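Asker: Attaching a single structure in structure tokens format; questions to follow.
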2 protein chains.
Amino acid sequence: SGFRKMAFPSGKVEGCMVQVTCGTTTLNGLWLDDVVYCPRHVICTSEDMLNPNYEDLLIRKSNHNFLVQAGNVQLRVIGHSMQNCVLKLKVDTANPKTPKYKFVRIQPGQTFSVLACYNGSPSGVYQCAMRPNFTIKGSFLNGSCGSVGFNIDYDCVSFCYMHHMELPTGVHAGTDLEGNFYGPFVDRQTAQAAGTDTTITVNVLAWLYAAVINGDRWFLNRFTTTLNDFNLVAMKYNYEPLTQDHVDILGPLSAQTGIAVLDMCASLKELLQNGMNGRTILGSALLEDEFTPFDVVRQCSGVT
Amino acid sequence: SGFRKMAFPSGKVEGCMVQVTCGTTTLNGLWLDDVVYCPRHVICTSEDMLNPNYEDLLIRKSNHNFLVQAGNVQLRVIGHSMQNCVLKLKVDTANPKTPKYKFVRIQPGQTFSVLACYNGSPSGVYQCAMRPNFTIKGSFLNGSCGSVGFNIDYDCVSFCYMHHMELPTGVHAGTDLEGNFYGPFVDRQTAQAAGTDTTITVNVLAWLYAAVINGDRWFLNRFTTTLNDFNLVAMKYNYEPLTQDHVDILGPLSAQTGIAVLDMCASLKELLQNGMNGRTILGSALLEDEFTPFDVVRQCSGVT
Ligand SMILES: O=C(c1cncc2ccccc12)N1CCN(c2cccc(Cl)c2)C(=O)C1
Ligand SMILES: O=C(c1cncc2ccccc12)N1CCN(c2cccc(Cl)c2)C(=O)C1
């Protein structure tokens with residue numbers, strides 16, 4: 001028992017982190033096979049970041065201007081290209097520590113682990129969700145650009161995020177490993193609207209099921225509701241509308257607890273309408289939405 | 001910016017996890033150099049765990065009865081001994097992945113990362129604190145015994161905890177790497193009182209400093225307090241008394257924010273007396289106490 005914001009073990013990703021320097025700028029790169037992936041803004045100077053013409057900026061750069069260092073050893077850059085907002089630096093050596101990997105674009109509401117890195121060296125690992133507004137509420141300081149988000153399926157690492165930017169609001173924006181930004185964000189030092197951030201309803205319900213499995217059952221009531229009645233309540237509280245696909249995904253959790261999804265919805269409705277009254281659920285005084293139904297089942301079944 | 005419950009990157013520890021089997025019991029072991037460390041209750045059967053005589057039980061066991069597997073390969077056991085509540089199984093092969101390490105007994109209120117493991121395979125990593133009542137609020141299922149807690153200082157791994165037991169209350173108890181239990185717990189399936197769990201005051205203050213650095217400043221007030229006046233309030237709310245050693249440790253955080261420790265104490269006093277009023281601090285609706293002053297400075301400075 002117990003419920004914690006658990007991240008995947010980070011070893012397979014630590015062995016991929018390198019430091020990339022271009023001109024005066026240093027950030028992190030991801031070395032997989034003979035390619036180092038990094039944010040393209042590594043080629044920018046502070047005077048360029050207001051409105052950079054990356055194509056023109058990249059033209060003034062040659063292979064030898066990209067310094068890639070893996071631990072203490074320098075990697076030889078034999079090719080460079082820009083794919084959307086990432087640079088791909090071809091090196092002459094395949095990373096011997098390259099795990100089995102995939103590049104995936106995650107859906108909003110899905111979770112992933114972030115290995116925060118500085119100067120190509122890992123500093124920490126934490127779990128987070130891609131928000132419905134395509135931002136992440138990470139923990140990143142200067143030099144963390146190029147740090148990646150990932151998921152692990154047994155031996156395969158699915159990389160889903162590369163850190164690029166911190167918005168003036170303190171939230172983070174970045175790309176998938178093909179360089180496509182999640183959300184409407186651009187790699188430009190300009191004011192950018194993140195958008196209204198709603199609560200991931202299917203995840204809150206999964207976490208309520210986790211609470212029931214863990215003995216926290218005070219919030220359970222004698223009521224039920226309908227998908228449409230529940231969604232009227234969810235709209236008022238900026239919660240994502242619950243669909244039958246969401247109810248289907250909560251099936252194993254509903255079966256394990258013997259609590260119908262709509263009965264749990266009625267408990268959530270009452271919690272939204274009445275608050276916690278100073279009580280806690282799984283050590284929290286607010287409704288947690290960064291655990292998917294898969295995460296709850298994983299943490300409650302022990303998949304390694 | 002951003003503040004997350006960050007764990008150390010787990011790679012150095014993942015390379016140390018092995019599976020230990022004895023009779024019908026399987027749990028995790030920690031392989032460092034030519035020694036595998038594991039909870040001694042691996043030698044027990046379910047009929048023995050009510051009141052086991054470990055010395056008598058261990059007598060019926062020989063080297064060949066301890067099955068140690070590192071990934072897919074079997075390790076040859078050439079020696080076995082009991083040190084307090086851990087067994088040390090000498091194997092004929094030094095772990096080639098042994099990092100620079102130390103065994104340390106942590107103080108209550110200190111934090112550490114846990115690499116939860118099953119069948120010698122890592123499943124997740126999370127950060128936690130040793131509670132003042134010497135329990136940990138972890139996330140562990142059947143088969144997680146032998147999973148370890150650690151800290152990383154650049155390249156050196158300081159192992160501080162080995163998981164042994166889940167109390168009937170859902171909290172966890174275990175030992176340091178010399179087999180000495182944290183707290184009064186015994187490795188016996190008997191009812192054991194955890195004791196009153198107080199709040200780590202120095203950690204809550206560190207987290208309030210983290211909040212101020214991150215822009216969350218609503219809780220700051222026009223008041224100050226004294227150590228004795230504050231401690232009267234801390235006693236009422238089951239908070240650890242704040243000492244001048246604690247004030248000294250908050251020095252760098254006080255200097256970075258320009259907020260005197262006693263002024264932050266007065267903010268904490270008002271938060272204890274008045275509650276949050278439905279507001280949040282660093283995305284939380286309760287006062288967080290599992291971040292030490294060192295953790296706050298580390299997460300706000302980027303030590304790799
Ligand atoms: O290194 C960071 C950085 C990253 N993450 C969190 C931080 C918190 C405090 C200070 C700096 C950071 N930068 C530089 C690049 N940079 C940027 C600016 C404009 C566009 C692009 Cl693509 C990128 C940043 O936003 C900020
Ligand atoms: O494997 C676990 C275990 C571990 N952690 C969390 C769990 C959550 C659900 C079910 C089982 C566990 N056990 C077996 C040993 N065991 C024990 C019983 C008495 C004494 C000793 Cl030292 C140990 C346990 O407490 C429980």
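Please note that chains go A, B, ... in the order of the structure tokens, that every chain numbers its residues from 1, and that ligands are numbered from 1 in the order shown.
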So that I can see what lies close to segment 45-61 of chain B, please list as a ChimeraX atom specification the residues with an atom at most 7 Å from it, counting only C-alpha atoms and leaving out residues fewer than 5 positions away in the same chain.
Answerer: /B:188-190
Asker: Tell me which protein, DNA and RNA residues are within 9 Å of segment 125-130 of chain A, counting only C-alpha atoms, leaving out same-chain ones fewer than 5 positions away, and put them as a tab-separated table (two decimals) with N, CA, C and O atoms, in the first residue's frame.
Answerer:
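Result written to around.tsv:
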```tsv
chain	number	residue	atom	x	y	z
A	5	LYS	N	3.89	9.88	-6.22
A	5	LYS	CA	4.09	10.32	-7.58
A	5	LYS	C	5.41	9.66	-8.04
A	5	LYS	O	6.49	10.21	-7.88
A	6	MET	N	5.29	8.46	-8.57
A	6	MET	CA	6.41	7.63	-8.94
A	6	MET	C	6.84	7.84	-10.36
A	6	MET	O	6.00	7.85	-11.25
A	7	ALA	N	8.13	7.98	-10.58
A	7	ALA	CA	8.69	8.10	-11.91
A	7	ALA	C	9.29	6.75	-12.32
A	7	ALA	O	9.56	5.91	-11.46
A	8	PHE	N	9.49	6.52	-13.62
A	8	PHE	CA	10.17	5.31	-14.07
A	8	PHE	C	11.62	5.37	-13.65
A	8	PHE	O	12.23	6.45	-13.62
A	9	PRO	N	12.26	4.21	-13.40
A	9	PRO	CA	13.71	4.22	-13.12
A	9	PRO	C	14.45	4.90	-14.30
A	9	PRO	O	14.09	4.63	-15.45
A	10	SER	N	15.36	5.85	-14.05
A	10	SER	CA	15.93	6.67	-15.12
A	10	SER	C	17.20	6.22	-15.81
A	10	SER	O	17.66	6.94	-16.70
A	106	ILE	N	2.77	12.17	-27.20
A	106	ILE	CA	1.76	11.85	-26.21
A	106	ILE	C	0.53	12.71	-26.35
A	106	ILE	O	0.58	13.84	-26.85
A	107	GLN	N	-0.59	12.19	-25.85
A	107	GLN	CA	-1.85	12.89	-25.81
A	107	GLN	C	-1.91	13.71	-24.54
A	107	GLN	O	-1.45	13.27	-23.48
A	108	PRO	N	-2.56	14.88	-24.58
A	108	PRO	CA	-2.78	15.65	-23.34
A	108	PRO	C	-3.51	14.78	-22.30
A	108	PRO	O	-4.33	13.93	-22.65
A	109	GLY	N	-3.12	14.91	-21.05
A	109	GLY	CA	-3.65	14.08	-19.98
A	109	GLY	C	-2.79	12.86	-19.71
A	109	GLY	O	-2.93	12.25	-18.65
A	110	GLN	N	-1.87	12.49	-20.63
A	110	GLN	CA	-0.97	11.36	-20.39
A	110	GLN	C	0.22	11.77	-19.52
A	110	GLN	O	0.58	12.94	-19.47
A	111	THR	N	0.78	10.81	-18.81
A	111	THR	CA	1.89	11.09	-17.91
A	111	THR	C	3.22	10.62	-18.47
A	111	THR	O	3.25	9.84	-19.43
A	112	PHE	N	4.32	11.09	-17.86
A	112	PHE	CA	5.67	10.73	-18.26
A	112	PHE	C	6.67	11.16	-17.21
A	112	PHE	O	6.39	12.05	-16.40
A	113	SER	N	7.86	10.55	-17.25
A	113	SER	CA	8.91	10.89	-16.31
A	113	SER	C	9.86	11.87	-16.97
A	113	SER	O	10.13	11.74	-18.15
A	114	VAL	N	10.38	12.83	-16.20
A	114	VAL	CA	11.34	13.79	-16.73
A	114	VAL	C	12.65	13.58	-16.02
A	114	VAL	O	12.68	13.52	-14.79
A	115	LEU	N	13.73	13.49	-16.79
A	115	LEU	CA	15.05	13.44	-16.20
A	115	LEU	C	15.63	14.83	-16.41
A	115	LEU	O	16.10	15.15	-17.50
A	116	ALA	N	15.59	15.67	-15.36
A	116	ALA	CA	16.12	17.03	-15.45
A	116	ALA	C	17.64	16.94	-15.54
A	116	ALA	O	18.26	16.24	-14.76
A	135	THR	N	1.07	22.29	-21.84
A	135	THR	CA	2.21	22.76	-21.07
A	135	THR	C	2.48	21.66	-20.06
A	135	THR	O	1.66	20.75	-19.87
A	136	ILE	N	3.64	21.72	-19.41
A	136	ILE	CA	3.95	20.80	-18.34
A	136	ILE	C	4.32	21.66	-17.15
A	136	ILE	O	4.91	22.74	-17.30
A	137	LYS	N	3.96	21.19	-15.98
A	137	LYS	CA	4.30	21.90	-14.76
A	137	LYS	C	5.52	21.16	-14.25
A	137	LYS	O	5.41	20.25	-13.44
A	138	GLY	N	6.68	21.50	-14.80
A	138	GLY	CA	7.92	20.82	-14.45
A	138	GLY	C	8.68	21.56	-13.38
A	138	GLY	O	8.11	22.35	-12.63
A	139	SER	N	9.98	21.30	-13.30
A	139	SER	CA	10.87	21.92	-12.35
A	139	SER	C	12.14	22.01	-13.14
A	139	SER	O	12.79	20.99	-13.37
A	149	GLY	N	11.49	13.87	-21.44
A	149	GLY	CA	10.39	13.16	-20.82
A	149	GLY	C	10.23	11.83	-21.55
A	149	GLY	O	10.45	11.74	-22.75
A	182	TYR	N	4.49	20.83	-28.47
A	182	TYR	CA	3.19	20.48	-27.93
A	182	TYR	C	2.54	21.85	-27.72
A	182	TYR	O	3.18	22.73	-27.14
A	289	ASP	N	-4.68	15.07	-10.38
A	289	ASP	CA	-5.01	14.67	-11.74
A	289	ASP	C	-3.80	14.26	-12.59
A	289	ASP	O	-3.93	14.18	-13.82
A	290	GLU	N	-2.65	13.97	-11.96
A	290	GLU	CA	-1.49	13.57	-12.76
A	290	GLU	C	-1.15	12.08	-12.59
A	290	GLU	O	0.01	11.69	-12.69
A	291	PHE	N	-2.19	11.25	-12.41
A	291	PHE	CA	-2.06	9.80	-12.40
A	291	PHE	C	-3.10	9.26	-13.36
A	291	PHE	O	-4.30	9.43	-13.11
A	292	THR	N	-2.66	8.60	-14.44
A	292	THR	CA	-3.62	8.01	-15.38
A	292	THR	C	-4.20	6.70	-14.82
A	292	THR	O	-3.59	6.10	-13.94
B	4	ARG	N	8.86	20.30	-7.67
B	4	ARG	CA	8.38	18.94	-7.75
B	4	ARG	C	9.08	18.04	-6.74
B	4	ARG	O	10.22	18.30	-6.38
B	5	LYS	N	8.41	16.95	-6.32
B	5	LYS	CA	9.02	16.00	-5.43
B	5	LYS	C	9.99	15.17	-6.30
B	5	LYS	O	9.63	14.16	-6.89
B	6	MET	N	11.21	15.66	-6.42
B	6	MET	CA	12.22	15.11	-7.29
B	6	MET	C	13.06	14.08	-6.60
B	6	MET	O	13.53	14.31	-5.50
B	7	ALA	N	13.28	12.96	-7.26
B	7	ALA	CA	14.15	11.91	-6.77
B	7	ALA	C	15.50	12.00	-7.49
B	7	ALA	O	15.59	12.61	-8.56
B	8	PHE	N	16.56	11.41	-6.92
B	8	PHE	CA	17.84	11.35	-7.61
B	8	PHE	C	17.72	10.43	-8.81
B	8	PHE	O	16.99	9.44	-8.76
B	9	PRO	N	18.50	10.67	-9.88
B	9	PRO	CA	18.51	9.72	-11.01
B	9	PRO	C	18.89	8.32	-10.47
B	9	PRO	O	19.80	8.23	-9.65
B	10	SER	N	18.15	7.25	-10.83
B	10	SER	CA	18.33	5.95	-10.19
B	10	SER	C	19.29	4.95	-10.80
B	10	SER	O	19.41	3.86	-10.25
B	125	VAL	N	10.77	5.05	-9.10
B	125	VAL	CA	11.58	5.84	-8.21
B	125	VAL	C	10.76	7.00	-7.65
B	125	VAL	O	9.98	7.62	-8.38
B	126	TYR	N	10.83	7.19	-6.36
B	126	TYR	CA	10.10	8.29	-5.69
B	126	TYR	C	10.91	8.83	-4.53
B	126	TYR	O	11.74	8.12	-3.98
B	127	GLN	N	10.65	10.06	-4.13
B	127	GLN	CA	11.34	10.73	-3.05
B	127	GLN	C	10.50	10.68	-1.80
B	127	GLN	O	9.29	10.86	-1.88
```
Asker: Considering only alpha helix (DSSP H) as DSSP defines it on the backbone, what residues of segment 16-182 of chain A qualify? List them as a list in words.
Answerer: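 DSSP-assigned alpha helix (DSSP H) residues in segment 16-182 of chain A: residues 54, 55, 56, 57, 58 and 59 of chain A.
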Asker: Produce as a list in words the set of residues near ligand 2, where near means within 6 Å with only C-alpha atoms and all ligand atoms considered.
Answerer: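 What falls inside 6 Å of ligand 2 is residues 1 of chain A; 41, 49, 140, 141, 142, 143, 144, 145, 164, 165, 166, 187, 188 and 189 of chain B.
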Asker: Would you list the contacts of residue 119 of chain A as a PyMOL selection string, taking every protein, DNA or RNA residue within 12 Å and counting only C-alpha atoms, but skipping same-chain residues closer than 3 positions in sequence?
Answerer: (chain A and resi 17-21+25-30+67-72+116+122-123+141-147) or (chain B and resi 302-304)
Asker: If you keep C-alpha atoms, can you produce a file of those selected residues as a short mmCIF file (atom, residue, chain, number, x, y, z; two decimals), in the first residue's frame?
Answerer:
```
data_model
loop_
_atom_site.label_atom_id
_atom_site.label_comp_id
_atom_site.auth_asym_id
_atom_site.auth_seq_id
_atom_site.Cartn_x
_atom_site.Cartn_y
_atom_site.Cartn_z
CA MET A 17 22.48 12.41 -21.94
CA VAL A 18 25.22 14.52 -23.53
CA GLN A 19 26.15 18.23 -23.40
CA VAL A 20 25.82 20.29 -26.59
CA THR A 21 27.55 23.66 -26.99
CA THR A 25 25.20 28.45 -25.58
CA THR A 26 25.30 25.13 -23.69
CA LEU A 27 22.32 22.75 -23.21
CA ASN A 28 21.51 19.00 -23.11
CA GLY A 29 21.29 16.57 -25.98
CA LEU A 30 19.94 13.03 -26.30
CA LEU A 67 30.55 20.66 -29.50
CA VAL A 68 29.10 17.42 -28.17
CA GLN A 69 30.55 15.93 -24.99
CA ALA A 70 29.48 12.56 -23.49
CA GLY A 71 30.84 12.58 -19.93
CA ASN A 72 34.49 13.60 -20.36
CA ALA A 116 16.12 17.03 -15.45
CA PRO A 122 21.32 14.24 -14.75
CA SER A 123 20.20 15.95 -11.54
CA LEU A 141 16.29 25.96 -14.20
CA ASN A 142 18.68 27.67 -16.67
CA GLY A 143 20.60 25.04 -18.61
CA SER A 144 17.86 22.39 -18.41
CA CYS A 145 16.93 22.75 -22.13
CA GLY A 146 17.17 19.42 -23.94
CA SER A 147 16.15 17.46 -20.78
CA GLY B 302 20.67 22.66 -10.18
CA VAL B 303 23.34 20.44 -8.59
CA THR B 304 24.04 17.43 -10.87
#
```
Asker: Given only C-alpha atoms and all ligand atoms as the basis, pick out the residue of A:186, A:177, A:92, A:80 nearest to ligand 1.
Answerer: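 When distances to ligand 1 are compared using only C-alpha atoms and all ligand atoms, the smallest one comes from A:186.
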Asker: Just how far from atom CA of residue 300 of chain A is atom CA of residue 252 of chain A, in Å to one decimal?
Answerer: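 Pair atom CA of residue 252 of chain A / atom CA of residue 300 of chain A returns 11.6 Å.
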Asker: Could you list, as a ChimeraX atom specification, every residue within 12 Å of residue 248 of chain A, counting only C-alpha atoms and ignoring same-chain residues fewer than 4 positions away?
Answerer: /A:202,206,242-244,252-255,260-262,293
Asker: Write the residues of the selection above to a file with N, CA and C atoms, as a short mmCIF file (atom, residue, chain, number, x, y, z; two decimals), in the first residue's frame.
Answerer:
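The new file selection.cif reads:
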```
data_model
loop_
_atom_site.label_atom_id
_atom_site.label_comp_id
_atom_site.auth_asym_id
_atom_site.auth_seq_id
_atom_site.Cartn_x
_atom_site.Cartn_y
_atom_site.Cartn_z
N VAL A 202 -10.57 11.95 -16.06
CA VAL A 202 -10.33 10.51 -16.02
C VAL A 202 -9.20 10.15 -15.03
N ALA A 206 -9.28 7.93 -11.56
CA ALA A 206 -8.31 6.85 -11.36
C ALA A 206 -7.68 6.98 -9.96
N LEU A 242 -16.18 13.84 -19.23
CA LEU A 242 -15.91 12.41 -19.20
C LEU A 242 -16.67 11.75 -20.36
N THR A 243 -16.00 10.90 -21.13
CA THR A 243 -16.62 10.19 -22.26
C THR A 243 -16.73 8.68 -21.93
N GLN A 244 -17.44 7.91 -22.77
CA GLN A 244 -17.54 6.47 -22.57
C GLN A 244 -16.17 5.80 -22.76
N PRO A 252 -11.06 -1.77 -15.33
CA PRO A 252 -10.31 -2.63 -14.40
C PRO A 252 -10.33 -2.10 -12.96
N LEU A 253 -10.27 -0.77 -12.80
CA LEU A 253 -10.31 -0.14 -11.47
C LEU A 253 -11.70 -0.27 -10.84
N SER A 254 -12.74 -0.15 -11.65
CA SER A 254 -14.11 -0.32 -11.22
C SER A 254 -14.32 -1.78 -10.77
N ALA A 255 -13.76 -2.76 -11.52
CA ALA A 255 -13.86 -4.19 -11.23
C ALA A 255 -13.10 -4.60 -9.97
N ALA A 260 -18.93 1.08 -9.26
CA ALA A 260 -19.27 1.47 -10.63
C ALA A 260 -18.67 2.86 -10.94
N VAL A 261 -18.22 3.08 -12.17
CA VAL A 261 -17.62 4.36 -12.58
C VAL A 261 -18.53 5.55 -12.29
N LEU A 262 -19.84 5.40 -12.56
CA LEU A 262 -20.79 6.48 -12.31
C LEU A 262 -21.01 6.74 -10.82
N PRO A 293 -5.27 6.16 -15.41
CA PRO A 293 -5.75 4.83 -14.97
C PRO A 293 -4.67 3.74 -15.11
#
```
Asker: Per DSSP on the backbone, what are the strand (DSSP E or B) residues of segment 51-254 of chain B, as a VMD selection string?
Answerer: chain B and resid 66 to 70 73 to 75 77 to 83 86 to 91 100 to 103 111 to 118 121 to 129 136 148 to 153 156 to 166 172 to 175 181 199 239
